[PDB]
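Asker:
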RNA sequence: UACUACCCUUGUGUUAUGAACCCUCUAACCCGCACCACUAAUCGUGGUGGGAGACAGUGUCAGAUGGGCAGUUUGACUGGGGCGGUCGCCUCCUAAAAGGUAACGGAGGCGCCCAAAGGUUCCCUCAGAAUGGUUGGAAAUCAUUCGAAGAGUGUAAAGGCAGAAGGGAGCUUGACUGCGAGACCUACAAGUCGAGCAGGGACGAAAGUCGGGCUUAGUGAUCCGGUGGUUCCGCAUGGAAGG
RNA sequence: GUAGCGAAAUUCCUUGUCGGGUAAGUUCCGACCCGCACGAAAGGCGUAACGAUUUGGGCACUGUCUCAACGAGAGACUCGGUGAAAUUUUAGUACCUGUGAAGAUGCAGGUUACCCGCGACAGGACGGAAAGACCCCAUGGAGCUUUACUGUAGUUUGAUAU
RNA sequence: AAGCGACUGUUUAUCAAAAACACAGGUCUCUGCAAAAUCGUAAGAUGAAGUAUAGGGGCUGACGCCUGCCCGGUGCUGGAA
RNA sequence: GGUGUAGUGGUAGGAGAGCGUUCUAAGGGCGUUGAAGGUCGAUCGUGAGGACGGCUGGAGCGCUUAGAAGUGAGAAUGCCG
RNA sequence: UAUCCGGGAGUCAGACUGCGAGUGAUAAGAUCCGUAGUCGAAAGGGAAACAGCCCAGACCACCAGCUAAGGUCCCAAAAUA
RNA sequence: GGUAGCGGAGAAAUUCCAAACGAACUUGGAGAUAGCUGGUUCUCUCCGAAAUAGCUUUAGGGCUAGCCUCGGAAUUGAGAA
RNA sequence: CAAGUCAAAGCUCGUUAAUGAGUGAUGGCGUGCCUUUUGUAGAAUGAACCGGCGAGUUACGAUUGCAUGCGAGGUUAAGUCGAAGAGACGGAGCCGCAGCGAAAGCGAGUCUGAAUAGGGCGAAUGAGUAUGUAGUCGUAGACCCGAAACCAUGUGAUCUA
RNA sequence: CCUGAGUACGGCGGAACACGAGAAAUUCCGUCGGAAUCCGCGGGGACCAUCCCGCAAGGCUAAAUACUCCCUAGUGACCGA
Ligand SMILES: [K+]
Ligand SMILES: [K+]
Ligand SMILES: [K+]
Ligand SMILES: [K+]
Ligand SMILES: [K+]
Ligand SMILES: [K+]
Ligand SMILES: [K+]
Ligand SMILES: [K+]
Ligand SMILES: [K+]
Ligand SMILES: [K+]
Ligand SMILES: [K+]
Ligand SMILES: [Mg+2]
Ligand SMILES: [Mg+2]
Ligand SMILES: [Mg+2]
Ligand SMILES: [Mg+2]
Ligand SMILES: [Mg+2]
Ligand SMILES: [Mg+2]
Ligand SMILES: [Mg+2]
Ligand SMILES: [Mg+2]
Ligand SMILES: [Mg+2]
Ligand SMILES: [Mg+2]
Ligand SMILES: [Mg+2]
Ligand SMILES: [Mg+2]
Ligand SMILES: [Mg+2]
Ligand SMILES: [Mg+2]
Ligand SMILES: [Mg+2]
Ligand SMILES: [Mg+2]
Ligand SMILES: [Mg+2]
Ligand SMILES: [Mg+2]
Ligand SMILES: [Mg+2]
Ligand SMILES: [Mg+2]
Ligand SMILES: [Mg+2]
Ligand SMILES: [Mg+2]
Ligand SMILES: [Mg+2]
Ligand SMILES: [Mg+2]
Ligand SMILES: [Mg+2]
Ligand SMILES: [Mg+2]
Ligand SMILES: [Mg+2]
Ligand SMILES: [Mg+2]
Ligand SMILES: [Mg+2]
Ligand SMILES: [Mg+2]
Ligand SMILES: [Mg+2]
Ligand SMILES: [Mg+2]
Ligand SMILES: [Mg+2]
Ligand SMILES: [Mg+2]
Ligand SMILES: [Mg+2]
Ligand SMILES: [Mg+2]
Ligand SMILES: [Mg+2]
Ligand SMILES: [Mg+2]
Ligand SMILES: [Mg+2]
Ligand SMILES: [Mg+2]
Ligand SMILES: [Mg+2]
Ligand SMILES: [Mg+2]
Ligand SMILES: [Mg+2]
Ligand SMILES: [Mg+2]
Ligand SMILES: [Mg+2]
Ligand SMILES: [Mg+2]
Ligand SMILES: [Mg+2]
Ligand SMILES: [Mg+2]
Ligand SMILES: [Mg+2]
Ligand SMILES: [Mg+2]
Ligand SMILES: [Mg+2]
C-alpha cells in the first residue's frame, strides 16, 4: 500500500517553488475586539512553515 | 496564597556601545524611560528605543544623572 | 503527533476550494522554439512528436521568458501578450486553435 | 323614500362534499367456547352454532417511561496518595549589578475602563506646614510665605515623568486605510517595537505631532455555525442551491 | 421520637457512677440514664423449651500448670536392599569493629582457626516456595450501583394499513 | 445467670455452622381467568388440568403485650377542568 | 610509500572498515596415498579469527571474485533433550 | 572551531563536592535553583576500606627514569632527617 | 432423566454448574492490546552526549528546540581565550 | 581469601624448537557476569550445568546519501512473443522543464493593494529522471516473548445445586 | 392500437454507493400514499428551463478473472530429523 496523504494538511498548506510550505495564520477567526489592528493586518498575511515542523509533516504531505 | 508570577520580559540593553547596527533595530527595551532617546533614535509605545538609521551606538550621560542613546552614522 | 499538544494542522485554518472547471495549460516558454526551422508551423502535434510537450493538459500556452530569433507560424490555445509581441516582432504570425 | 335589478355584510335552509366524535350493524380479523368430520388426536385444518367485532392482534412511524439490560466516562501537580491550594495573564522579591533561572518560596493584582481619562495647540504646577481670618471644628473655602516633589499619574506593584506622561481650556476623532525595511523574544504557534512609503485627514501660523491611553495584564487556537460586502467559483449551458 | 428499652451485638468520652461477685474483676450480673450515634413489622419489649450458638461464675475432675519424671510403641539412629524432590552464578563458604546501594562468609584492619566427617539445634545466608494480595501508577481490566452520559428490550399512548 | 435467634432444619464442596438463610405465623400489594407473574423472537408452556379461603410479589418472622406522630418531599393509585 | 607534528578512556548513540557461517554462478584444485566433522598441540594475525601437523573418521570439501541471507547467543522465572 | 543546508540518533529519573540564595530548625547523604568541577560514561595513585573528595585522563610493550597529591619507625618504598 | 453460560440452580454464601466461576471449558477472530517489565547473538577503529526549556487528561510516555554524529556548502573568518 | 593475576624456589617432561610445557611452596594486588540504576560486590533481578533452538525480516510506497545510464528530456506500467528467463514491442501514463493566487485568471511574473508603491512567493543563480544499493519513516503482527480481558460459535448436570 | 402499474416516484424510517443528512443526486429494503405513456418517459450530483444522451419497471448469455482436495510431468541460490 502507498502512503496516505494527510488531508487536513492538504487543506491547510500549499507548496512553493523551493518546496517550502505556505500556511494561513492563527488568531484570525472570531474574537477580534481583543486584538489590535496591527495584529489583524499582519495576520491576514500568510507565512511559511517552520523548519522543525516541515521535518515532522513532510512524510505526510510528501507529494500531495 | 502566593504561588504565581508572570513571564519575565527580556528588558535591558540589546545593542552595545561602539556597535554598528541596522536601522529599525532595537537598542534598549524598558518600562519607563530609564534611558532617554537621543540622536537618530526614537521611542515606542512601550518606551523601547530604536535606531532610525544605521550607525554606531553611543550611550552618554544627559548631564548629571540621566542617560541618553545616540546613533552617529558613518 | 506532538504528545497531545494541539498539532500544527489542527491549529491552522482551511483555505479555499477547488474549481472543478479549472483549465490548466501546458507551458512553452519561447526559448524552446529556437529549435524549429524558421517559417515552419508549430502545433501541439509538432511539440508532442518532438517530445517537448508530453501532456497537453488543457491546451498549449506560450510564454515569453527567453529570446526568440526566428519567424514562426505558431498556433496554440492561448498566448501571452509579451509572447505575441516577441513573435510578431521577429516576424512570425499568431493563430489560435 | 315607490318600484327594477347589480348586489354586499349578517344568519336560516336544501343538496353535494370533507374531517372529528358517540352509538348500531354484520361480512373482514379473533375465541386456551361447544358440537361434527378428517380421527384411534385436549394438536391442527375445515363445517355448523354462539360470543366479541371493525376493537383487539400484527406491521410501520412517532411521544412518555425505562439501570430490566448494554457500551462507556469519572483531570493533573503534589516532599506517597487524599483534602486544602493551584492550573491562563500582569508586577516585585527570590534572581547571586546583562538576560534567563526552580520550589506546595514570600507579597499583591487582572478577566476591565475612557467618547474624554484619546490626538493636537495654548496655558498652568503639586503635597503638606506656619500665620491670619466668621459661622467653621483638629481639618472645608480665602490670602501670603515656606515650599524639589515628600503630590498626581483611571485601575495592582515596579520603573519613569515637574523641559512634564501631572492639571485646565479651545478645535477636533490618527481609538485612520493598505503596508512595512529592520530588530527583540521565540521550540512551534504566537507576542513586541518599528522608522519610512502611499492615500485621505485632524490640530496648529508654521515647524511638526497624531496608526489610542504612562509603560507593562484586561484574554483563548482550530472545527463549527451566524451577520454584511464581494469584480471569486457555480458538475453539459443559463441560473439557483451551495461554497 | 410515643409506649417500651437503655454504657446495650448500639455508649466515643469510658476501665462512666453505685452495688454484687473476686484477696485483687477494662470482662459478667443488677440499677442510674449527658441515649457521641435505641425505638416500634430494616419491627419494639418480654419469653418456657431448643442451640457442636456467644459470654461469665461455681462444684467435681484432672500433668493445663507449679516443675517436670518414667515406661511402651512407630520414626529418627547402625547395617543390608531400593531410591526421589524442592533448591543450586562459581566456591578452598570464621569472628569483631568499620566501610559500602546506608544491616558483609566474600572489601579493609585486627583476631581466632590442623584436615575429613557423624548425630542434634535452627541465629544468618535480607534462606526456599510465590514477577507483594497492603500502597502508588496504568489516559489497564472485570463485576456492581445510580437523580453520571448515551442508547435499547419491554410497558404504555396516539396516527395509519389489514 | 446473661445476650442472640423462638423451635427441627439449611449454609460459604476445599480456612467462617453463626446471632446469617428458611420456617410456621402476620401484614401490605397485584391479579375475574386466554388471569397476574415468568421462560421464549413468536408459537407454545408453567401458573393449572388451579380460580380470590387460589395464585404471584415485597417486608417481618413462633407465642404474648404492642405496633405511636408525619402524605410537606420521592414513588404509586385515582381523578380530572 | 616515507618524514615531521598532534592525538587514539568511553555508556546511549552516529560513522566507517572488516572476520566468520550457509547457499549460488564462474574460475581454478583436493580427496580411500583418506574430505568434512571430532580431539590434542608449546602456531600466525591488531581483533573478529586463520592455518599446519598427530590420533579418530570414512565421502564429499576447499581457495579467488561477486552475489543472496532463516548469517554469529550467555542470560529471555526462555523451549526441548 | 563557528555558521547554513540535509541524514541519523539518543537524552526529558540525575547524584555528590565547593561557592551564592531560598524552603527547612540558616538540621539532614533532605528539597529546589545558579555557578564550576567530578561521577554518570573514567581506569590509575592517596584518603585503611570509600561512584561523587585530593592528584591525574589507560593506544600498546619495557625487571628504564623524573615528578604530582599524599608520604618517609615496622606492617608498607622512602629521613628514627 | 430435565434445566447450560447475555445462562441455569440456589432454605441465598458471590454459593455450585466435571479437582481455582463477580460470569465455566474449548475453538476461532488472534501473532488482541500493552505509553508496562524481561530479552535482543561477531570484531576493530573515528567521534561522543544528556538527565535541560516549552507544550502535553501531560508528569516513569511523547513532540519541537537544546546537547552528539555524518555528508555537502560558503563566507570581509565569523568561533574560543 | 569472586579462587585469578604478577613475581618465584623446587620437581617432572621435551614443542607448530621458541626469551619451552606442566605443576607450584611462598609473597604482592584484587568484592563474579547480565539487567536496571544517581549509584549494585551487592542482602535488588536472571541464570543448576551442557548441547541445540531462539529476536529489526519482507511486500508496497515516501525521503536522503552513494553509484551507474541519459540529460531540460529521463522513463515505461499492464499486456503480447519468448527457458517460470534475458530481450524486443508497448508512450497510455509518471517526474521535471513556470510559477503566483482561495479562485476567476495572469504568466517570469503573479497576489495583496487605489497604486508605476512596498512586501510575500517565485525567475534571472538554474538539473532532473530511471534503476540498484544502504540509512530512516509509513501501512501491514513489523523486533521477540508475556497479560488480565472482549466477542462469536460450539461442548458439558456421569461432579455438584 | 401497443411498447413490462400498485410499477416508477413522493413522505417516514434505515442501508449501499468513496459520499457519516449533509446542498445529497444515484441504487436497494420495510411501511403508507400514489402517475403519464410518443407532443410521452428517465438521467446529466439539490432543483427549474434549454440542449444532449438514453427508453426502466420481464429473462438468459461464453471469454478474459479468482482458487486447488486432487492426477500427471516437473522445478527450487526451499528444509535436511
Ligand atoms: K445506659
Ligand atoms: K448508639
Ligand atoms: K538457621
Ligand atoms: K468498569
Ligand atoms: K406524597
Ligand atoms: K546458536
Ligand atoms: K569528563
Ligand atoms: K596468590
Ligand atoms: K534512492
Ligand atoms: K545521476
Ligand atoms: K443520499
Ligand atoms: Mg472569518
Ligand atoms: Mg501603547
Ligand atoms: Mg488537552
Ligand atoms: Mg391459559
Ligand atoms: Mg451499567
Ligand atoms: Mg471498548
Ligand atoms: Mg495523580
Ligand atoms: Mg503529599
Ligand atoms: Mg539579572
Ligand atoms: Mg451549471
Ligand atoms: Mg447538472
Ligand atoms: Mg460496666
Ligand atoms: Mg410505624
Ligand atoms: Mg433500627
Ligand atoms: Mg419500620
Ligand atoms: Mg428481630
Ligand atoms: Mg537494610
Ligand atoms: Mg556493616
Ligand atoms: Mg580492595
Ligand atoms: Mg546418616
Ligand atoms: Mg524469599
Ligand atoms: Mg510485581
Ligand atoms: Mg453485654
Ligand atoms: Mg436457630
Ligand atoms: Mg440445629
Ligand atoms: Mg468450608
Ligand atoms: Mg428478618
Ligand atoms: Mg575515542
Ligand atoms: Mg588517552
Ligand atoms: Mg558443508
Ligand atoms: Mg538467527
Ligand atoms: Mg542454555
Ligand atoms: Mg573548593
Ligand atoms: Mg539528594
Ligand atoms: Mg550545587
Ligand atoms: Mg544511565
Ligand atoms: Mg577513579
Ligand atoms: Mg560502577
Ligand atoms: Mg626522585
Ligand atoms: Mg620501609
Ligand atoms: Mg458479600
Ligand atoms: Mg484483529
Ligand atoms: Mg578475597
Ligand atoms: Mg546475585
Ligand atoms: Mg534464581
Ligand atoms: Mg465489558
Ligand atoms: Mg446427564
Ligand atoms: Mg431518479
Ligand atoms: Mg419508500
Ligand atoms: Mg518433526
Ligand atoms: Mg543428527
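Protein chains in written order, with PDB author numbering: chain 7, 2 to 65; chain Y, 20 to 93; chain O, 50 to 146. For every residue, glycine included, the Cβ atom is placed at its ideal position computed from N, Cα and C.
(1) DSSP three-state label for residue 125 (chain O), please.
(2) Pairs of beta-carbons, one from the segment 71-91 of chain O and one from the segment 120-137 of chain O, closer than 8 Å: are there three or more?
(3) Judging by CA-CA distance, which residue of 14 (chain 7), 21 (chain 7), 7 (chain 7) and 11 (chain 7) is the nearest neighbour of residue 52 (chain 7)?
(4) Does DSSP classify residue 38 (chain 7) as helix, strand or coil?
(5) So, under 8 Å CB-CB, residue 60 (chain Y) and residue 71 (chain Y) are touching, yes? Tell me the CB distance rounded to an integer number of Å.
(6) Does the beta carbon of residue 5 (chain 7) sit closer than 9 Å to a beta carbon anywhere in chain O?
(7) Compute the distance between the beta-carbons of residue 62 (chain 7) and residue 7 (chain 7), then report whether it is under 9 Å.
(8) What three-state label does DSSP hand residue 47 (chain Y) in the structure shown?
(9) Identify whether residue 33 (chain 7) lies in helix, strand or coil by the three-state DSSP scheme.
(10) Could you tell me the distance, in whole angstroms, from the CA atom of residue 103 (chain O) to the CA atom of residue 109 (chain O)?
(11) Output yes or no for whether 9 Å exceeds the beta carbon distance between residue 61 (chain O) and residue 25 (chain 7).
(12) Given this structure, state the Cα-to-Cα distance separating residue 93 (chain Y) from residue 41 (chain Y), to the nearest angstrom.
(13) What in chain 7 is Cβ-close to residue 61 (chain O), meaning under 7 Å?
(14) What are the boundary residues of the beta strand (DSSP E) that includes residue 89 (chain Y)?
(15) Return no unless some Cβ of chain O is closer than 9 Å to the Cβ of residue 9 (chain 7).
(16) Which residues mark the beginning and the end of the alpha helix (DSSP H) in which residue 94 (chain O) is found?
(17) Please report the straight-line C-alpha distance between residue 65 (chain 7) and residue 66 (chain Y), rounded to a whole angstrom.
(18) Need the endpoints of the alpha helix (DSSP H) that residue 7 (chain O) sits in, please.
(19) I think residue 117 (chain O) touches residue 70 (chain O), with their Cβ atoms under 8 Å apart; what is that distance to the nearest whole Å?
Answerer: Reading it off the structure:
(1) Translated into positions along the third chain, residue 125 (chain O) becomes position 76. Strand.
(2) yes
(3) Translated into positions along the first chain, residue 52 (chain 7) becomes position 51. Ranking 14 (chain 7), 21 (chain 7), 7 (chain 7) and 11 (chain 7) by Cα distance to residue 52 (chain 7) puts 21 (chain 7) first.
(4) Position 37 of the first chain, counted from the first residue, corresponds to residue 38 (chain 7). Helix.
(5) Along the second chain, one-based indexing puts residue 60 (chain Y) at 41. Along the second chain, one-based indexing puts residue 71 (chain Y) at 52. About 7 Å; that satisfies the 8 Å criterion.
(6) Numbered from 1 along the first chain, position 4 holds the residue referred to as residue 5 (chain 7). Residue 5 (chain 7) does not count as touching chain O.
(7) Here the question's residue 62 (chain 7) lines up with position 61 in the first chain. Here the question's residue 7 (chain 7) lines up with position 6 in the first chain. Yes, they are a contact pair.
(8) Here residue 47 (chain Y) corresponds to residue number 28 of the second chain, with the count starting at 1. Note: residue 47 (chain Y) maps to strand in three-state DSSP.
(9) Within the first chain, numbered from 1, the residue matching residue 33 (chain 7) stands at position 32. Residue 33 (chain 7) falls in the helix class under three-state DSSP.
(10) Working through the third chain from its first residue, we reach residue 103 (chain O) at position 54. Working through the third chain from its first residue, we reach residue 109 (chain O) at position 60. Their backbone Cα atoms lie some 11 Å apart in a straight line.
(11) Mapped onto the third chain, residue 61 (chain O) falls at position 12. Mapped onto the first chain, residue 25 (chain 7) falls at position 24. Yes; because the gap between Cβ atoms is below 9 Å, this pair is in contact.
(12) The residue you call residue 93 (chain Y) lines up with position 74 of the second chain. The residue you call residue 41 (chain Y) lines up with position 22 of the second chain. Near 12 Å, if we compare the C-alpha coordinates of residue 41 (chain Y) and residue 93 (chain Y).
(13) The residue labelled residue 61 (chain O) in the question sits at position 12 within the third chain. Simply 13, 24, 25 and 27.
(14) Along the second chain, one-based indexing puts residue 89 (chain Y) at 70. Unbroken beta strand (DSSP E) run through residue 89 (chain Y): 86-91.
(15) Sequence index remark: in the first chain, residue 9 (chain 7) carries index 8 (1-based). So, interface residue.
(16) Working through the third chain from its first residue, we reach residue 94 (chain O) at position 45. Run containing residue 94 (chain O): 93-99, per the alpha helix (DSSP H) assignment.
(17) Along the first chain, one-based indexing puts residue 65 (chain 7) at 64. Along the second chain, one-based indexing puts residue 66 (chain Y) at 47. CA-to-CA, the gap between residue 65 (chain 7) and residue 66 (chain Y) works out to about 48 Å.
(18) Because chain O here runs from 50 to 146, residue 7 (chain O) falls outside it and cannot be looked at.
(19) Here residue 117 (chain O) is taken as the residue at index 68 of the third chain, counted from 1. Here residue 70 (chain O) is taken as the residue at index 21 of the third chain, counted from 1. Contact flag wrong, Cβ pair sits at about 32 Å.
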